[PDB]
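Heads up: the protein sequence lines correspond to chains E, F and A, in order.
In terms of the entry's author numbering, the first sequence opens at residue 29 and continues consecutively.
Residues 29 to 185, 209 to 504, 513 to 585, 599 to 623, 630 to 777 in the entry's author numbering are what the second sequence lists, from first letter to last.
Residues 29 to 185, 209 to 777 in the entry's author numbering are what the third sequence lists, from first letter to last.
Only one structure is covered here, and it is reproduced in the block below.
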Amino acid sequence: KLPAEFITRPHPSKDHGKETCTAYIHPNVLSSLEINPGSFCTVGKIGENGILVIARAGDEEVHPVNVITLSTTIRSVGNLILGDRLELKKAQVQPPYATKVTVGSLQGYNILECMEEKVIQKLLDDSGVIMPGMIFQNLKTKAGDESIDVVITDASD
Amino acid sequence: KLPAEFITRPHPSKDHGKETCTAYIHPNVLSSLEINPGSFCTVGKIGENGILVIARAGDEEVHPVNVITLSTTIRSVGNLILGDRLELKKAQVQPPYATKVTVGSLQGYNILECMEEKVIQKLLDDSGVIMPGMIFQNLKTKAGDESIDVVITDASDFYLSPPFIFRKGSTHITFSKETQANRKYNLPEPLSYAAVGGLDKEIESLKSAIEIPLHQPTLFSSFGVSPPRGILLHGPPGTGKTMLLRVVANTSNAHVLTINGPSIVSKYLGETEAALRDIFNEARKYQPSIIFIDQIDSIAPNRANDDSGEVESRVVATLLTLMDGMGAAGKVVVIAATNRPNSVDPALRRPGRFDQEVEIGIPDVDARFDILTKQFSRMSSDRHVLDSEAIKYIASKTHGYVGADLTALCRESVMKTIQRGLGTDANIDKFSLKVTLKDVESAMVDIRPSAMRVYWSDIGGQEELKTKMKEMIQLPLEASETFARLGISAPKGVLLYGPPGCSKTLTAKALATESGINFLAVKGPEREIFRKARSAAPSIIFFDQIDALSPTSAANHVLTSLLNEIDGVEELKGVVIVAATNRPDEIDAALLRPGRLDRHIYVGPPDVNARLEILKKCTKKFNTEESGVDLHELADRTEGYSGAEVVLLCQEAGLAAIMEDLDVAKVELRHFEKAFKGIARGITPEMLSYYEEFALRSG
Amino acid sequence: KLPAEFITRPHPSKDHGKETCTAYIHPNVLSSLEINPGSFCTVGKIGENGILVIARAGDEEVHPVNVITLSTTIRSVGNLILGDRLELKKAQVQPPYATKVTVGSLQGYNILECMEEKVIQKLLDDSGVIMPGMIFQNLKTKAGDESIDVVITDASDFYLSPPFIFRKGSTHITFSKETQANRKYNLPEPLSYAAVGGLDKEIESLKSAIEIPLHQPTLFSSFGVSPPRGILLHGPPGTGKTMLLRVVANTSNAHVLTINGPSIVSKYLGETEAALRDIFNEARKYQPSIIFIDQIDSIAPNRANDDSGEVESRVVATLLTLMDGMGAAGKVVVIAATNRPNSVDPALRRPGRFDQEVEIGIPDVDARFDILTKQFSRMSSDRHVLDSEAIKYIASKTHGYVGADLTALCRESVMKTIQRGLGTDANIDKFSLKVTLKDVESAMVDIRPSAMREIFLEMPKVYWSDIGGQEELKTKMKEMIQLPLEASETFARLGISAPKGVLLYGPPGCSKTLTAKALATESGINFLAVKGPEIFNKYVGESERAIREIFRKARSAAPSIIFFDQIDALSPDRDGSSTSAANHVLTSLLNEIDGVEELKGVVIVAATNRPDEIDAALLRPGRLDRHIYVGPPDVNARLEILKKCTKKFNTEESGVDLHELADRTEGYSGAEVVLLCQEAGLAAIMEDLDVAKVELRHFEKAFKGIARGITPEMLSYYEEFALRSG
Ligand SMILES: Nc1ncnc2c1ncn2[C@@H]1O[C@H](COP(=O)(O)OP(=O)(O)OP(=O)(O)O)[C@@H](O)[C@H]1O
Ligand SMILES: Nc1ncnc2c1ncn2[C@@H]1O[C@H](COP(=O)(O)OP(=O)(O)OP(=O)(O)O)[C@@H](O)[C@H]1O
Ligand SMILES: Nc1ncnc2c1ncn2[C@@H]1O[C@H](COP(=O)(O)OP(=O)(O)OP(=O)(O)O)[C@@H](O)[C@H]1O
């Protein structure tokens, strides 16, 4: 086969459990890449730096080998628009544990009615891989506003 | 994988002692090349030489597989610049122990604070393996708070030099002043500003252009987007582009890449996009990176022509998109070298991409003198005579040409001197040979200037017009305060009308020689050339013919229509302007108004002095004592013939001699008489009378 | 492992006999070849067979595996060249015994002071066997004689020469014959500097320039200037550069490690460069005296062309950046020989090691008879004619013949001799046959060499007697052609700058083309007819390439002269604004004609009928120096033309004086006279079949056939154009 190119694609569902750090890769190409499911792989546009993400088994048949599935978050890290070229690398480095992080949502006034725990539970499902570019939806129950979002700023470590 | 390509990168943390003779190769690559961590390996540019440094495990795996970290000291030994190709060879020869080594100092300080109780140990703790380079920058060694450099020049007891491991007691330490490494190994020497020519303004502009983004890119990124990155070098070929880019790469510690361009693109394959993307990704991998482009015009010619190429369009598009996507806050600069500015693609030469334009001007006599003195100082001058006056005379005698293959003149002069000395002294040693100047002059005459493909003694001048020409070239220029305060427009030259065979060409050549500035004649029947007059500024512009364009025909009409714009440009900076004509009556009436052509000067046959000078110059090829000519009777006989028929006379006499006695040793009076009888009264009196009438009616 | 090819190396130690027939084969290679040191190993060229050499231990590990050793001077017998690939074979058969051996010394006068006590035992104590042809440096011989050598002429009792067995007292040894060995062995012969004549002037400059670096180059050690490591030999095709390279390689008696290849590349991306890197590393380590790089243009052309810069760009860049090593001390001289001078990369010619740019021209004028005599002596000293006058005459004839053409002429003369001998003596032995001038002339007629090839058309024969015209034009043309063509040192020393260009303008039918044909026939002895519109091509870039090729590649220094039939059809572009084929070809011609002043005496000639279109960005002071009016023939010229055309007729029988006819035809020219004579002859043939005479009535009848003649309007136009030109 020799697949030298990859294309980003969105998940059919919102995937509430695993918005971030989810990249579906076909088992055939993954096996040929000598990459285990529990191994980090960096993906990014050709000619630019890659973004590491854990390898995931493909959704059985009727799944194209070329495409890689992401959900609204990994693409937004490098402003990756659907259909852009992608490159895969097997080089992974263990990152240090995060500490003293700060989060601040754009287009929103500083308010403390988020209860400060509902957003925390979303980060638990991330299971690592923290980067300054993250876009979420924070569900509901926030001042009765449907069109709101939360973005992480950076980490002080 | 089989990695056949490797690059270099300085190690962080500023390691001391252990930094030398270490190559942190990737463990996967180290095991693949069947070389143990505790072994000696050859690291260096492919096919050139080796350095024999000890390989390393590589510590963590965060470092890229292809790159291997090497210290700056080892790289400077073989002039291993950043990004140079590297090759690993498994075979190794055991290095013998060093004995009776010698060490020197790069700086002029010698025999000062010779402690040697840690310096000697320094040569031992650094994993041994002493190379001729040993560029030391670790620790803080000083004598009165001043940095010094120590170089182990020689160590005598297919690589750059045989490897020797320093030992504490098996060798003796001797200190002396050498300022350079030993020449036996013939190691490459990094280029410095002392060796290169002066080019003060050009080198200063290039240094500023390179320095401005290099040290403060964050401020540019914060202030705005798209900082200047592209640097374009153009001008006349041979002035020096590869040498100066090599110099600025050597003096910088940032990553550099060699991009010729024909090798980057694969013919009939269209892989130039991928190649350029990979090159720019590699450049972006390291924050300090320099991009060098050679012959960018050939790679990407003008898109207007239909023969530019689909591959040219593809490479232009990929270059544009990569420059768009390279980012703003990055510390990246692109250097592009081109032959001619015209061949540069118009889209590339647009604001926001290559605004910082650097051009190399044509060297003058002062620049030639400076570069000659620099080359003579660089060359071993134990015997060569300094002779500032001789160098100045040689520079002045040489025709104005760009600094192309000037070292070739010295090389051929050396060859001629060697050839003379061998015959003179029957294969004697070079120290007994002597170097003269006649061989240099002969070589300079033989090689001739190659810029294009006259002297005041060669071409005379009339004294009547000397005062007027001196006034026109001095009063408007030397003393402009009077004109500025009185609001008086410059004379803007005069109109010269004369027969084609008169001294008008001789007068123009005399003016050009007296000005001392090289110029290109503009033919009559022949915008871009006129625009270059302002860009250069101090020069002379002469028009061979203006009569044709005064009233091909289309070219003449274009020239006389664009003369209106010429006058407007020439109004701001008149400097000096001259022209020649054959039919004065065809000139425009509006062109004779005051403020444009203040005066009109008639030119005729050359005077007695100019005729005698021309006769002497044309007879110089022949002989005078054997011929018996007094160089004055011929002038008296042919005073009124023309200002150029003497060349025809000499050619006819030479042809007659070479067909009457084959090889010639002297020229008899018979050939001169035959030449004189061949052509008689070339000029006409009626047209000279018409010129006199025009001069009288002009005023 | 598995070394397919091996390279020989001379023994560093010098010793008579001991070094002969010794091969220090590596023990690993010797063991892997299943051959013991007590067995003979075959060593020879890749295309040739091996030779009988006994194996040796290999002197431990001082000699690398890939390199072997051989005798220093025995290789000269087979013309073996250092650094070339060798073959090793295991099959070997014991040769039989030989007797009545014969040997010949290099010196002409043999049979002197032959003690025979040492010479006989040398062939037994050298650990070798007798081979047809023997070379050895030896030492001082006898008394009052320098170092001399003896060559085994013959040894009579799928290999280059049959091996034998030699002993001391069981066979008789005699010496006779000459230096040259028997040709029945098919062995090659050594090539020396004497084997080449004529070029020698170029050779003197090249031997000096190559030699200072190859000998003691310590003079430029402390100078630090760029080191000279090349000559950049080039010239016209067939000039004989390969034989000069072979001579300089053989006479250097040193390593000649090099390879040419037909633009050899590799499919692997890295191997195509690693091969060259390994070759250069070996050259640095093995220090060959001369390295040969042939056909640089084929392997590294100019980067201006799009397809030319592929692959070779990185190769030439690495070669340039690598050849700048081992400065001062160190020869490592590389020789670059190419056919096309301007096709080489300008960046390659930029460095100063090719500043000399020695170019060898085709033989001409002098030394041609010398090289012909040398080649005749080399082929056979007997059974051939040796006349100085005949050789001088054949050298003067066909001035455009290159040395390769001379060799082809000699071969065709031998073929003609063979054919004549067979046809005369009914397949007799050809040993007694002798060469004469008739076969040489027949060969010269029938060869049609490559000098005139690629054209397939030749100008018709013409002589000075066949044309009678104004003596002034002929004298001026002879002065223009013969003076610069005969020699150039007088022009160079005296500074005379010949125009090297003449424009022939005049009324039609004035025989300017015929004058050019006669000029080419007389002095040039070579014609290169080029047509203006012919060089035009449908493709935009093909016309420029074609004109550049016809201007440069086909140009020969003394032989070739280019003649333009109608130069007025190129410069005028009519209503052409920009991007026109005519404008492009005019610009190319101007660029390729403004950079030449003397060069090689091209002395171009052009003819035209309408000069008014010539003055379109073409008329320049370097080309308008010489103007020829080329006027109509006068009464004397017309009378001469009438006499020449009437020679076939019977003037005495007819009684015509051929004077009043010329007087009546005052406004006519040569073409009209020829036409009227032809019409009169045709009428005479028609009226009464063959009569072999012409009467006055025929001329009267043919007079009305001529249509007026040269009208005064074009004559006045030509006169005013000449006055304007001045
Ligand atoms: N300003 C200078 N000072 C000293 N030497 C110079 C200078 N300019 C040129 N040279 C000499 O002339 C050589 C030619 O310059 P270089 O090799 O850089 O070529 P280039 O002019 O960039 O190339 P091209 O012929 O393609 O225009 C240099 O290698 C150097 O030896
Ligand atoms: N000095 C000489 N004396 C005799 N023959 C010579 C001499 N110089 C050259 N020749 C002749 O030139 C020919 C040598 O041909 P060679 O193999 O050198 O190729 P070439 O045609 O010259 O090559 P190229 O076109 O590549 O330069 C032979 O016919 C040889 O006789
Ligand atoms: N002096 C002469 N002797 C013999 N034949 C002559 C002489 N002058 C002219 N002729 C004849 O007249 C012809 C005129 O020359 P040619 O036909 O080559 O044309 P041309 O004068 O060069 O003109 P065009 O410019 O049309 O080519 C000659 O070929 C020849 O047949």
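Note that the Cβ used here is the ideal one computed from N, Cα and C, for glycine as well.
Cβ of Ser317 of chain F within 9 Å of any chain A Cβ: Using a CB distance cut-off of 9 Å, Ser317 of chain F counts as an interface residue toward chain A.
Cross-chain neighbours of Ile74 of chain E in chain F, by beta carbon under 7 Å: Below the 7 Å Cβ cutoff, chain F contributes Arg328 as neighbours of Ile74 of chain E, in chain order.
Chain-ordered residues of the region 423-452 of chain F with a beta carbon less than 7 Å from chain A: Of all residues in the region 423-452 of chain F, those with a C-beta nearer than 7 Å to a C-beta of chain A are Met430 and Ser431, reading in chain order.
The region 663-685 of chain A: positions lying closer than 8 Å to chain F by Cβ: Contacts with chain F (Cβ-Cβ distance below 8 Å) from the region 663-685 of chain A involve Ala667 and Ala668, listed in chain order.
Within chain F, partners of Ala543 of chain A - CB distance below 8 Å: Neighbours of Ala543 of chain A on chain F: none; closest Cβ ~10 Å, over 8 Å.
Residues, ordered as in the chain, of the region 106-137 of chain E that lie near chain F by beta-carbon distance below 7 Å: So the close ones are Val121.
Buried or exposed by the 16-neighbour rule on C-beta atoms within 10 Å, applied to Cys69 of chain E: Counting other Cβ atoms within 10 Å of its Cβ, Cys69 of chain E reaches 16 or more and is therefore classed as buried.
Any chain F beta carbon closer than 9 Å to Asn77 of chain E: Yes - at least one Cβ of chain F is within 9 Å of the one on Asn77 of chain E.
Rounded C-alpha distance that separates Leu712 of chain F from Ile736 of chain F: In a straight line, the C-alpha of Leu712 of chain F is about 22 Å away from that of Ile736 of chain F.
Cβ-based contacts, 9 Å cut-off: residues of the region 371-392 of chain A near chain F: Those residues of the region 371-392 of chain A that come within reach of chain F (Cβ to Cβ, closer than 9 Å) are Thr372, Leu373, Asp375, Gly376, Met377, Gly378, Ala379, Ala380 and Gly381.
Cα-Cα separation, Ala355 of chain A to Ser349 of chain F: Computed Cα separation, rounded: 8 Å.
Euclidean distance between Cα positions of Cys561 of chain A and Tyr514 of chain A: Straight-line measurement puts the Cα of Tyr514 of chain A at about 17 Å from the Cα of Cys561 of chain A.
Within-9 Å CB hit, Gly760 of chain F to chain A: Interface flag for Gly760 of chain F against chain A is set, since a Cβ pair is found closer than 9 Å.
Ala658 of chain F: contacting residues in chain A (beta-carbon distance under 9 Å): What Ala658 of chain F touches in chain A, judged by beta-carbon distance under 9 Å, is nothing: the nearest beta carbon there is about 15 Å away.
Beta-carbon separation (whole angstroms), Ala183 of chain F vs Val105 of chain F, contact threshold 8 Å: Contact between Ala183 of chain F and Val105 of chain F is ruled out by a C-beta separation of about 12 Å, above the 8 Å threshold.
Nearest neighbour of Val95 of chain E, chosen from E:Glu145, E:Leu151, E:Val57 and E:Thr181 [CA to CA]: Comparing Cα-Cα distances from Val95 of chain E to each of E:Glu145, E:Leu151, E:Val57 and E:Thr181, the minimum goes to E:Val57.
Within-9 Å CB hit, residue 186 of chain A to chain F: Between 185 and 209 the numbering of chain A has a gap, and residue 186 of chain A falls inside it, with no coordinates.
Per DSSP, cross-strand counterpart(s) of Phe34 of chain E: Answer by DSSP bridge pairing, in chain order: E:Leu114.
Limits of the alpha helix (DSSP H) - the one that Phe68 of chain E falls within: For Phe68 of chain E, there is no enclosing alpha helix (DSSP H); the enclosing beta strand (DSSP E) has its first and last residue at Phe68 to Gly72.
From A:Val298, A:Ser776, A:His710 and A:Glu723, residue whose alpha carbon lies closest to that of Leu250 of chain A: It is A:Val298 whose Cα lies nearest to the Cα of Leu250 of chain A.
Strand pairing of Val81 of chain F, partner residues [DSSP]: The partner list for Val81 of chain F (beta bridge, DSSP) reads F:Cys69.
Beta-carbon proximity check, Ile109 of chain F vs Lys292 of chain F, cutoff 9 Å: For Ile109 of chain F and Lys292 of chain F, no; Cβs fall outside 9 Å.
Whole-Å CB distance - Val636 of chain A paired with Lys551 of chain A, under 8 Å assumed: Your pair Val636 of chain A and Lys551 of chain A does not check out as a contact, with CB atoms roughly 21 Å apart and the cut at 8 Å.
beta-carbon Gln346 of chain A near ligand 2 non-hydrogen atom, thresh 8 Å: Yes, ligand 2 has a heavy atom inside 8 Å of this Cβ.
Backbone CA spacing between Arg401 of chain F and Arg775 of chain A [nearest angstrom]: Cα to Cα, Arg401 of chain F sits roughly 49 Å from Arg775 of chain A.
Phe602 of chain A versus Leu641 of chain A - alpha carbon distance: The straight-line gap from Cα to Cα measures roughly 12 Å.
Cβ pair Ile282 of chain A, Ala387 of chain A closer than 9 Å: Yes. Within cutoff.
Alpha helix (DSSP H) runs contained entirely in the region 386-464 of chain F, provided each spans 4 or more residues: Runs found: 416-429 and 439-448.
CB contact below 9 Å: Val591 of chain A versus chain F: With 9 Å as the cut-off, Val591 of chain A counts as an interface residue toward chain F.
Segment contact, 8 Å Cβ cut-off, at least three pairs: the region 150-157 of chain A with the region 210-219 of chain A: Contact between the region 150-157 of chain A and the region 210-219 of chain A is present, because at least three Cβ pairs lie under 8 Å.
Interface flag, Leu473 of chain F vs chain A, CB-CB below 9 Å: Taking Cβ atoms only, chain A reaches closer than 9 Å to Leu473 of chain F, which makes this a yes.
Residue burial classification, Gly583 of chain A (beta-carbon count within 10 angstroms, cutoff 16): Answer is buried; the Cβ neighbour count reaches 16.
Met294 of chain A beta carbon near ligand 2 (any heavy atom closer than 8 Å): Yes, since a heavy atom of ligand 2 falls inside the 8 Å radius drawn around the Cβ of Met294 of chain A.
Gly552 of chain A - containing beta strand (DSSP E), residue span: Per DSSP, the unbroken beta strand (DSSP E) holding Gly552 of chain A starts and ends at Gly552 to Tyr556.
For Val307 of chain F, the residue or residues it bridges with in DSSP: BP columns for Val307 of chain F point to F:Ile341.
CB contact check: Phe578 of chain F to chain A, cutoff 9 Å: It does not; no Cβ of chain A falls within 9 Å.
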